[PDB]
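Enquirer: Supplied structure: structure-v6.tsv, TSV, C-alpha atoms.
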```
chain	number	residue	atom	x	y	z
A	32	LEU	CA	148.76	-185.78	-67.99
A	33	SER	CA	149.94	-186.61	-71.51
A	34	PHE	CA	151.46	-184.26	-74.09
A	35	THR	CA	148.98	-183.89	-76.92
A	36	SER	CA	148.48	-182.29	-80.33
A	37	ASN	CA	148.61	-178.51	-80.49
A	38	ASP	CA	145.23	-178.63	-82.24
A	39	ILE	CA	143.66	-180.45	-79.30
A	40	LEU	CA	145.03	-177.85	-76.90
A	41	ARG	CA	143.84	-175.04	-79.18
A	42	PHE	CA	140.41	-176.64	-79.30
A	43	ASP	CA	140.13	-177.01	-75.52
A	44	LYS	CA	141.11	-173.40	-74.97
A	45	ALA	CA	138.78	-172.13	-77.69
A	46	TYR	CA	135.98	-174.16	-76.07
A	47	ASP	CA	136.53	-172.71	-72.59
A	48	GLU	CA	136.50	-169.20	-74.07
A	49	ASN	CA	133.91	-169.36	-76.90
A	50	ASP	CA	136.73	-168.30	-79.19
A	51	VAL	CA	134.91	-167.99	-82.51
A	52	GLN	CA	137.94	-167.04	-84.62
A	53	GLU	CA	140.03	-169.90	-83.26
A	54	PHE	CA	137.23	-172.40	-83.96
A	55	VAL	CA	137.09	-171.14	-87.56
A	56	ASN	CA	140.88	-171.50	-87.89
A	57	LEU	CA	140.62	-174.99	-86.41
A	58	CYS	CA	138.05	-176.20	-88.96
A	59	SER	CA	140.94	-177.18	-91.25
A	60	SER	CA	142.48	-179.42	-88.57
A	61	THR	CA	142.77	-183.07	-89.59
A	62	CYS	CA	143.82	-184.10	-86.06
A	63	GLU	CA	141.92	-187.33	-85.29
A	64	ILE	CA	139.81	-187.53	-82.14
A	65	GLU	CA	138.52	-190.52	-80.18
A	66	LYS	CA	135.04	-191.95	-80.80
A	67	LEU	CA	132.26	-189.99	-79.07
A	70	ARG	CA	126.45	-188.20	-80.07
A	71	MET	CA	125.89	-184.44	-80.32
A	72	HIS	CA	123.17	-183.99	-82.92
A	73	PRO	CA	120.14	-185.94	-84.17
A	74	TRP	CA	121.42	-186.71	-87.70
A	75	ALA	CA	124.92	-185.23	-88.34
A	76	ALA	CA	127.69	-187.85	-88.53
A	77	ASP	CA	129.96	-187.93	-85.46
A	78	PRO	CA	132.96	-185.58	-85.78
A	79	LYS	CA	136.08	-187.65	-86.44
A	80	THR	CA	138.60	-184.80	-86.34
A	81	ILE	CA	139.20	-181.54	-84.48
A	82	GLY	CA	138.19	-179.83	-87.74
A	83	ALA	CA	134.70	-181.33	-87.80
A	84	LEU	CA	134.38	-180.88	-84.04
A	85	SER	CA	135.22	-177.17	-84.35
A	86	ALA	CA	132.62	-176.76	-87.10
A	87	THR	CA	130.15	-178.43	-84.73
A	88	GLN	CA	130.93	-176.02	-81.86
A	89	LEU	CA	130.46	-173.11	-84.28
A	90	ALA	CA	127.08	-174.56	-85.27
A	91	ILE	CA	126.14	-174.73	-81.59
A	92	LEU	CA	127.03	-171.07	-81.14
A	93	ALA	CA	125.05	-170.19	-84.27
A	94	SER	CA	122.03	-172.05	-82.87
A	95	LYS	CA	121.84	-169.93	-79.70
A	96	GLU	CA	118.47	-168.17	-80.18
A	97	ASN	CA	119.05	-165.77	-77.28
A	98	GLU	CA	122.55	-164.85	-78.47
A	99	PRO	CA	122.11	-163.93	-82.15
A	100	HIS	CA	125.41	-162.01	-82.06
A	101	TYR	CA	127.33	-165.23	-82.69
A	102	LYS	CA	125.93	-165.36	-86.23
A	103	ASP	CA	127.66	-162.09	-87.07
A	104	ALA	CA	130.90	-162.98	-85.26
A	105	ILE	CA	131.13	-166.19	-87.27
A	106	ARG	CA	130.69	-164.36	-90.58
A	107	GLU	CA	133.30	-161.76	-89.60
A	108	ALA	CA	135.72	-164.55	-88.69
A	109	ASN	CA	135.48	-165.79	-92.31
A	110	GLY	CA	133.42	-168.79	-91.16
A	111	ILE	CA	131.16	-168.97	-94.21
A	112	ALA	CA	133.99	-169.50	-96.74
A	113	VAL	CA	135.50	-172.06	-94.37
A	114	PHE	CA	132.21	-174.01	-94.15
A	115	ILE	CA	131.79	-173.98	-97.93
A	116	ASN	CA	135.23	-175.54	-98.14
A	117	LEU	CA	134.07	-178.28	-95.74
A	118	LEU	CA	131.12	-178.95	-98.08
A	119	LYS	CA	133.71	-180.15	-100.62
A	120	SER	CA	134.91	-182.88	-98.23
A	121	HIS	CA	134.41	-186.62	-98.75
A	122	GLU	CA	134.25	-186.96	-94.97
A	123	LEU	CA	130.58	-187.21	-94.03
A	124	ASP	CA	131.06	-185.51	-90.64
A	125	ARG	CA	132.71	-182.47	-92.23
A	126	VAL	CA	129.94	-182.00	-94.76
A	127	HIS	CA	127.20	-182.54	-92.18
A	128	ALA	CA	128.73	-180.13	-89.67
A	129	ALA	CA	129.04	-177.47	-92.40
A	130	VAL	CA	125.43	-177.94	-93.48
A	131	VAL	CA	124.19	-177.67	-89.89
A	132	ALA	CA	126.31	-174.52	-89.27
A	133	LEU	CA	125.24	-172.84	-92.51
A	134	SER	CA	121.58	-173.65	-91.94
A	135	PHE	CA	121.61	-171.88	-88.56
A	136	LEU	CA	123.73	-169.02	-89.89
A	137	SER	CA	121.13	-168.43	-92.61
A	138	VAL	CA	118.34	-167.86	-90.09
A	139	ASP	CA	117.47	-164.24	-89.37
A	140	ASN	CA	120.70	-162.96	-90.86
A	141	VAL	CA	120.52	-161.39	-94.26
A	142	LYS	CA	124.23	-160.54	-94.43
A	143	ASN	CA	125.11	-164.19	-93.92
A	144	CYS	CA	122.73	-165.30	-96.66
A	145	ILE	CA	124.23	-162.76	-99.04
A	146	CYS	CA	127.70	-163.99	-98.11
A	147	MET	CA	126.67	-167.60	-98.73
A	148	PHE	CA	125.40	-166.72	-102.18
A	149	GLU	CA	128.47	-164.71	-103.09
A	150	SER	CA	130.82	-167.35	-101.76
A	151	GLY	CA	129.31	-170.12	-103.90
A	152	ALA	CA	127.29	-172.21	-101.42
A	153	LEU	CA	124.26	-172.90	-103.63
A	154	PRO	CA	125.57	-175.75	-105.84
A	155	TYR	CA	126.67	-177.68	-102.73
A	156	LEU	CA	123.43	-177.04	-100.88
A	157	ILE	CA	121.39	-178.04	-103.94
A	158	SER	CA	123.41	-181.23	-104.25
A	159	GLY	CA	122.67	-181.83	-100.56
A	160	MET	CA	118.92	-181.89	-101.17
A	161	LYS	CA	119.56	-185.23	-102.87
A	162	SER	CA	120.66	-186.94	-99.65
A	163	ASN	CA	118.63	-189.86	-98.30
A	164	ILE	CA	119.05	-188.41	-94.84
A	165	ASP	CA	115.93	-186.37	-94.16
A	166	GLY	CA	117.63	-183.92	-91.79
A	167	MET	CA	120.29	-183.19	-94.39
A	168	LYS	CA	117.91	-182.68	-97.32
A	169	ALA	CA	115.56	-180.49	-95.25
A	170	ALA	CA	118.38	-178.32	-93.85
A	171	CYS	CA	119.86	-177.82	-97.32
A	172	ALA	CA	116.44	-176.90	-98.74
A	173	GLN	CA	115.80	-174.39	-95.92
A	174	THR	CA	119.20	-172.75	-96.38
A	175	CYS	CA	118.65	-172.47	-100.14
A	176	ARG	CA	115.31	-170.80	-99.49
A	177	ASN	CA	116.72	-168.44	-96.87
A	178	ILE	CA	119.22	-167.33	-99.50
A	179	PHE	CA	117.12	-167.14	-102.66
A	180	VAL	CA	114.18	-165.17	-101.23
A	181	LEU	CA	116.46	-162.13	-100.86
A	182	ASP	CA	117.15	-161.43	-104.54
A	183	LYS	CA	115.68	-162.27	-107.94
A	184	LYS	CA	119.20	-162.97	-109.22
A	185	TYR	CA	119.63	-165.59	-106.47
A	186	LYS	CA	116.42	-167.30	-107.60
A	187	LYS	CA	117.65	-167.25	-111.21
A	188	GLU	CA	120.91	-168.89	-110.17
A	189	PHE	CA	119.05	-171.44	-108.02
A	190	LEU	CA	116.91	-172.34	-111.06
A	191	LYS	CA	119.92	-172.52	-113.37
A	192	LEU	CA	121.71	-174.90	-111.00
A	193	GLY	CA	118.81	-177.35	-110.92
A	194	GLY	CA	117.47	-176.21	-107.58
A	195	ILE	CA	113.82	-176.39	-108.57
A	196	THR	CA	114.24	-179.99	-109.73
A	197	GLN	CA	115.57	-180.94	-106.29
A	198	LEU	CA	112.89	-178.98	-104.41
A	199	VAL	CA	110.11	-180.52	-106.42
A	200	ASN	CA	111.60	-183.94	-105.69
A	201	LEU	CA	111.28	-183.21	-101.97
A	202	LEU	CA	107.51	-183.28	-102.53
A	203	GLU	CA	107.61	-187.02	-103.26
A	204	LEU	CA	106.27	-189.52	-100.72
A	205	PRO	CA	108.57	-192.19	-99.23
A	206	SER	CA	108.22	-195.42	-101.27
A	207	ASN	CA	106.56	-197.40	-98.46
A	208	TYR	CA	104.74	-194.41	-97.02
A	209	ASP	CA	103.13	-194.99	-93.68
A	210	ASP	CA	100.18	-192.72	-92.76
A	211	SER	CA	101.59	-192.55	-89.22
A	212	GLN	CA	104.77	-190.70	-90.17
A	213	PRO	CA	104.72	-186.90	-90.58
A	214	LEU	CA	105.63	-185.36	-93.93
A	215	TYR	CA	107.51	-182.33	-92.58
A	216	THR	CA	109.99	-182.01	-95.43
A	217	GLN	CA	107.21	-182.25	-98.03
A	218	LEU	CA	105.21	-179.49	-96.37
A	219	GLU	CA	108.29	-177.28	-96.02
A	220	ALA	CA	109.08	-177.81	-99.70
A	221	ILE	CA	105.60	-176.53	-100.63
A	222	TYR	CA	106.38	-173.33	-98.76
A	223	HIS	CA	109.81	-173.10	-100.36
A	224	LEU	CA	108.28	-173.34	-103.84
A	225	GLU	CA	105.77	-170.60	-103.01
A	226	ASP	CA	108.62	-168.40	-101.74
A	227	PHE	CA	110.43	-168.99	-105.02
A	228	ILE	CA	107.39	-168.04	-107.12
A	229	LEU	CA	106.48	-164.96	-105.09
A	230	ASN	CA	108.26	-161.65	-104.61
A	231	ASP	CA	106.61	-160.20	-101.50
A	232	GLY	CA	103.22	-161.70	-102.38
A	233	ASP	CA	103.49	-160.85	-106.07
A	234	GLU	CA	103.65	-163.73	-108.51
A	235	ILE	CA	106.76	-163.72	-110.70
A	236	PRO	CA	105.75	-165.07	-114.15
A	237	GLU	CA	109.19	-166.50	-115.04
A	238	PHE	CA	109.37	-168.46	-111.78
A	239	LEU	CA	105.72	-169.48	-111.97
A	240	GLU	CA	106.55	-171.07	-115.32
A	241	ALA	CA	109.69	-172.68	-113.91
A	242	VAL	CA	107.70	-174.51	-111.26
A	243	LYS	CA	105.05	-175.47	-113.83
A	244	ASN	CA	107.78	-177.01	-115.98
A	245	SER	CA	108.43	-179.73	-113.40
A	246	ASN	CA	106.85	-182.67	-111.56
A	247	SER	CA	105.24	-180.20	-109.16
A	248	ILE	CA	101.61	-180.68	-110.22
A	249	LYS	CA	102.01	-184.46	-110.29
A	250	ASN	CA	103.59	-184.53	-106.83
A	251	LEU	CA	101.17	-182.00	-105.38
A	252	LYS	CA	98.19	-184.04	-106.60
A	253	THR	CA	99.61	-187.00	-104.66
A	254	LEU	CA	100.14	-184.88	-101.55
A	255	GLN	CA	96.64	-183.36	-101.48
A	256	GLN	CA	95.14	-186.78	-100.70
A	257	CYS	CA	97.21	-187.43	-97.56
A	258	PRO	CA	95.50	-187.70	-94.14
A	259	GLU	CA	96.95	-184.43	-92.87
A	260	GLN	CA	94.95	-181.19	-93.05
A	261	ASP	CA	97.87	-178.73	-93.09
A	262	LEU	CA	99.65	-180.67	-95.81
A	263	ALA	CA	96.51	-181.39	-97.83
A	264	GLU	CA	95.40	-177.77	-97.71
A	265	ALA	CA	98.86	-176.38	-98.53
A	266	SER	CA	99.17	-178.80	-101.44
A	267	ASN	CA	95.76	-177.78	-102.72
A	268	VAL	CA	96.71	-174.09	-102.50
A	269	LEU	CA	99.95	-174.36	-104.49
A	270	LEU	CA	98.29	-176.75	-106.94
A	271	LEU	CA	95.57	-174.20	-107.75
A	272	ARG	CA	98.27	-171.61	-108.43
A	273	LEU	CA	100.03	-173.83	-110.96
A	274	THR	CA	96.85	-175.07	-112.64
```
Please lay out the structure from this file as structure tokens.

Expert:
Amino acid sequence: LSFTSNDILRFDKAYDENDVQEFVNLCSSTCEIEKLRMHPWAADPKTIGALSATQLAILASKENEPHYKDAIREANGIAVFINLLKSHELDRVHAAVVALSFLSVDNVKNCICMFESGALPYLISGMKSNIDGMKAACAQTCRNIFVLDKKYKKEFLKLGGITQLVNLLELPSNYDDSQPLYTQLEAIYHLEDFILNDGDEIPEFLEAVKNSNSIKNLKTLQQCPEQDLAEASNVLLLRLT
């Protein structure tokens, strides 16, 4: 066949061998690939770099092989993904968000690494996206990080994270009683996890959530035709009132 880019050959070999470190090294590749879908909302990878980030996300998503989540951290993957978050290429940012969201699940070391490596401002910015999968994944990753340490919650608050979370409570502008309000319900739980330290209410953070559109948005949510959401909204509302 044809001679091809070294990066394409490196990718193909890394793929055959689940070579985590090589995939991380390849995330910086700008080698263009041909048009392809691999994921329900992430933009199609347009380079070997974004494609490598996507394969790493796939490895991180293997429930029955949690060891990949550690291998990826040890390969310096988290710093590499945070760098991709700075990209103006939609597929690079999306792939990094997907990878980081899986890496943050059931892996405290990874969450600590994400905090220490500066992920939060990018993830908080990501909660502003009009793409529901993106905003929900960013919100979940933020939560997985900030529940671990009061200082992480403080930083989240300082960076405007509560503003963005509270905004996730808002209904779509032409809301249709048929469509599920997953992200809204998850955001209720995120806010509770912010306020509470192992079941105990933290006064500072209670006040933070009070000083927002939370009560307004929650009042709107507690009248929706959905028992889980209506009940959850009622519960958090009572706490803030």

Enquirer: Between CA of residue 143 in chain A and CA of residue 105 in chain A, what is the distance in Å, rounded to a tenth?

Expert: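 Atom-to-atom, CA of residue 143 in chain A and CA of residue 105 in chain A are spaced 9.2 Å apart.
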
Enquirer: Can you tell me which residues surround range 179-194 of chain A at a distance of at most 6 Å, considering all atoms listed in the file, apart from same-chain residues fewer than 3 positions away, and format the answer as a PyMOL selection string?

Expert: chain A and resi 157+176+197

Enquirer: Which residues are close to residue 162 in chain A, i.e. within 12 Å by all atoms listed in the file, leaving aside same-chain residues fewer than 4 positions away? Reply as a list in words.

Expert: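 In the requested format, the answer is residues 74, 123, 126, 127, 130, 155, 156, 157, 158, 166, 167, 168, 169, 170, 171, 172, 197, 200 and 201 of chain A.
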
Enquirer: Using all atoms listed in the file, which of the listed residues (A:231, A:100, A:222, A:243) sits closest to residue 268 in chain A?

Expert: A:222

Enquirer: Which residues are near residue 262 in chain A? Cut-off 10 Å, all atoms listed in the file, ignore same chain within fewer than 4 positions. Put them as a list in words.

Expert: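 Counting all atoms listed in the file, the residues come to residues 213, 214, 215, 217, 218, 219, 221, 251, 254, 255, 256, 257, 258, 266, 267 and 268 of chain A.
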
Enquirer: Where's the centre, and what are the edge lengths in Å to one decimal, of a box along x, y and z enclosing all listed atoms of range 186-203 of chain A padded 3 Å per side, as lines of an AutoDock Vina configuration file?

Expert:
```
center_x = 114.6
center_y = -177.1
center_z = -107.7
size_x = 20.2
size_y = 25.8
size_z = 17.4
```

Enquirer: Hey, which of A:160, A:224, A:129, A:175 ends up closest to residue 145 in chain A? Count all atoms listed in the file.

Expert: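 When distances to residue 145 in chain A are compared using all atoms listed in the file, the smallest one comes from A:175.
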
Enquirer: What's the separation between CA of residue 112 in chain A and CA of residue 139 in chain A, in Å to one decimal place?

Expert: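 Separating CA of residue 112 in chain A from CA of residue 139 in chain A is a distance of 18.8 Å.
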
Enquirer: Measure the distance from CA of residue 153 in chain A to CA of residue 87 in chain A in Å and round it to one decimal.

Expert: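 Calculated distance between CA of residue 153 in chain A and CA of residue 87 in chain A is 20.6 Å.
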
Enquirer: Once you've located range 50-88 of chain A in the structure I gave, write it as a JSON list (two decimals), in the first residue's frame, keeping N, CA and C atoms.

Expert:
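Everything below was put into result_22.json:
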```
[["chain", "number", "residue", "atom", "x", "y", "z"],
["A", 50, "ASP", "N", -1.86, 0.69, 23.43],
["A", 50, "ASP", "CA", -0.70, 1.40, 23.95],
["A", 50, "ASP", "C", -1.12, 2.77, 24.49],
["A", 51, "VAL", "N", -1.40, 2.80, 25.79],
["A", 51, "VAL", "CA", -1.86, 4.01, 26.45],
["A", 51, "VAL", "C", -0.87, 5.17, 26.32],
["A", 52, "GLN", "N", 0.41, 4.93, 26.63],
["A", 52, "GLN", "CA", 1.40, 6.00, 26.59],
["A", 52, "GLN", "C", 1.55, 6.58, 25.19],
["A", 53, "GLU", "N", 1.50, 5.72, 24.19],
["A", 53, "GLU", "CA", 1.65, 6.21, 22.81],
["A", 53, "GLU", "C", 0.44, 7.05, 22.39],
["A", 54, "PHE", "N", -0.76, 6.61, 22.77],
["A", 54, "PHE", "CA", -1.96, 7.42, 22.53],
["A", 54, "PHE", "C", -1.83, 8.80, 23.20],
["A", 55, "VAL", "N", -1.36, 8.86, 24.44],
["A", 55, "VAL", "CA", -1.17, 10.16, 25.08],
["A", 55, "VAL", "C", -0.17, 11.03, 24.30],
["A", 56, "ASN", "N", 0.95, 10.44, 23.87],
["A", 56, "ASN", "CA", 1.95, 11.16, 23.09],
["A", 56, "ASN", "C", 1.38, 11.65, 21.77],
["A", 57, "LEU", "N", 0.45, 10.87, 21.23],
["A", 57, "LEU", "CA", -0.15, 11.17, 19.92],
["A", 57, "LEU", "C", -1.25, 12.24, 19.99],
["A", 58, "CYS", "N", -1.71, 12.57, 21.20],
["A", 58, "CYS", "CA", -2.77, 13.58, 21.31],
["A", 58, "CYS", "C", -2.36, 14.92, 20.70],
["A", 59, "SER", "N", -1.06, 15.21, 20.68],
["A", 59, "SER", "CA", -0.59, 16.47, 20.11],
["A", 59, "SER", "C", -0.53, 16.45, 18.57],
["A", 60, "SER", "N", -0.70, 15.28, 17.97],
["A", 60, "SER", "CA", -0.60, 15.17, 16.52],
["A", 60, "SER", "C", -1.64, 16.01, 15.81],
["A", 61, "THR", "N", -1.20, 16.79, 14.83],
["A", 61, "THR", "CA", -2.10, 17.58, 13.99],
["A", 61, "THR", "C", -2.30, 16.93, 12.62],
["A", 62, "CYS", "N", -1.84, 15.69, 12.48],
["A", 62, "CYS", "CA", -1.99, 14.96, 11.23],
["A", 62, "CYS", "C", -3.47, 14.77, 10.87],
["A", 63, "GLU", "N", -3.91, 15.32, 9.74],
["A", 63, "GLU", "CA", -5.31, 15.26, 9.34],
["A", 63, "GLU", "C", -5.71, 13.83, 9.01],
["A", 64, "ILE", "N", -6.95, 13.46, 9.33],
["A", 64, "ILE", "CA", -7.48, 12.17, 8.90],
["A", 64, "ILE", "C", -8.68, 12.38, 7.99],
["A", 65, "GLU", "N", -9.10, 11.32, 7.32],
["A", 65, "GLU", "CA", -10.25, 11.39, 6.42],
["A", 65, "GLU", "C", -11.53, 11.47, 7.24],
["A", 66, "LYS", "N", -12.60, 11.96, 6.62],
["A", 66, "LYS", "CA", -13.91, 12.01, 7.27],
["A", 66, "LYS", "C", -14.34, 10.61, 7.71],
["A", 67, "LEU", "N", -14.99, 10.52, 8.86],
["A", 67, "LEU", "CA", -15.45, 9.25, 9.40],
["A", 67, "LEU", "C", -16.90, 8.94, 9.01],
["A", 70, "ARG", "N", -19.35, 7.93, 12.71],
["A", 70, "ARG", "CA", -19.48, 8.57, 14.02],
["A", 70, "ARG", "C", -19.15, 7.60, 15.15],
["A", 71, "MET", "N", -18.54, 8.11, 16.22],
["A", 71, "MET", "CA", -18.05, 7.22, 17.28],
["A", 71, "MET", "C", -18.71, 7.47, 18.64],
["A", 72, "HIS", "N", -19.54, 8.50, 18.74],
["A", 72, "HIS", "CA", -19.97, 9.00, 20.03],
["A", 72, "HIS", "C", -21.24, 9.81, 19.81],
["A", 73, "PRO", "N", -22.17, 9.80, 20.78],
["A", 73, "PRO", "CA", -23.46, 10.45, 20.53],
["A", 73, "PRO", "C", -23.45, 11.98, 20.40],
["A", 74, "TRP", "N", -22.46, 12.69, 20.93],
["A", 74, "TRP", "CA", -22.46, 14.14, 20.79],
["A", 74, "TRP", "C", -21.10, 14.78, 20.47],
["A", 75, "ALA", "N", -19.99, 14.09, 20.75],
["A", 75, "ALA", "CA", -18.66, 14.66, 20.50],
["A", 75, "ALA", "C", -18.44, 14.86, 19.00],
["A", 76, "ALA", "N", -17.88, 16.01, 18.63],
["A", 76, "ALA", "CA", -17.57, 16.28, 17.22],
["A", 76, "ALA", "C", -16.61, 15.25, 16.65],
["A", 77, "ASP", "N", -16.81, 14.85, 15.39],
["A", 77, "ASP", "CA", -15.90, 13.88, 14.77],
["A", 77, "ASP", "C", -14.43, 14.30, 14.83],
["A", 78, "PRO", "N", -13.55, 13.38, 15.28],
["A", 78, "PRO", "CA", -12.11, 13.67, 15.25],
["A", 78, "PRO", "C", -11.65, 14.03, 13.85],
["A", 79, "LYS", "N", -10.86, 15.10, 13.72],
["A", 79, "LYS", "CA", -10.41, 15.56, 12.42],
["A", 79, "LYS", "C", -8.91, 15.36, 12.24],
["A", 80, "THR", "N", -8.25, 14.96, 13.32],
["A", 80, "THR", "CA", -6.81, 14.71, 13.34],
["A", 80, "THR", "C", -6.48, 13.47, 14.16],
["A", 81, "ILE", "N", -5.27, 12.94, 13.97],
["A", 81, "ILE", "CA", -4.81, 11.82, 14.78],
["A", 81, "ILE", "C", -4.83, 12.19, 16.27],
["A", 82, "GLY", "N", -4.54, 13.45, 16.56],
["A", 82, "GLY", "CA", -4.57, 13.94, 17.94],
["A", 82, "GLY", "C", -5.92, 13.76, 18.60],
["A", 83, "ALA", "N", -6.98, 14.24, 17.95],
["A", 83, "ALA", "CA", -8.31, 14.08, 18.51],
["A", 83, "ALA", "C", -8.75, 12.61, 18.52],
["A", 84, "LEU", "N", -8.32, 11.85, 17.52],
["A", 84, "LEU", "CA", -8.66, 10.44, 17.45],
["A", 84, "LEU", "C", -8.02, 9.64, 18.59],
["A", 85, "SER", "N", -6.79, 10.03, 18.94],
["A", 85, "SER", "CA", -6.06, 9.38, 20.01],
["A", 85, "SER", "C", -6.72, 9.68, 21.35],
["A", 86, "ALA", "N", -7.12, 10.93, 21.55],
["A", 86, "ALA", "CA", -7.87, 11.32, 22.74],
["A", 86, "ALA", "C", -9.16, 10.50, 22.83],
["A", 87, "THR", "N", -9.81, 10.26, 21.68],
["A", 87, "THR", "CA", -11.03, 9.46, 21.67],
["A", 87, "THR", "C", -10.75, 7.99, 22.06],
["A", 88, "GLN", "N", -9.67, 7.40, 21.57],
["A", 88, "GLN", "CA", -9.37, 6.02, 21.95],
["A", 88, "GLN", "C", -9.06, 5.93, 23.44]]
```
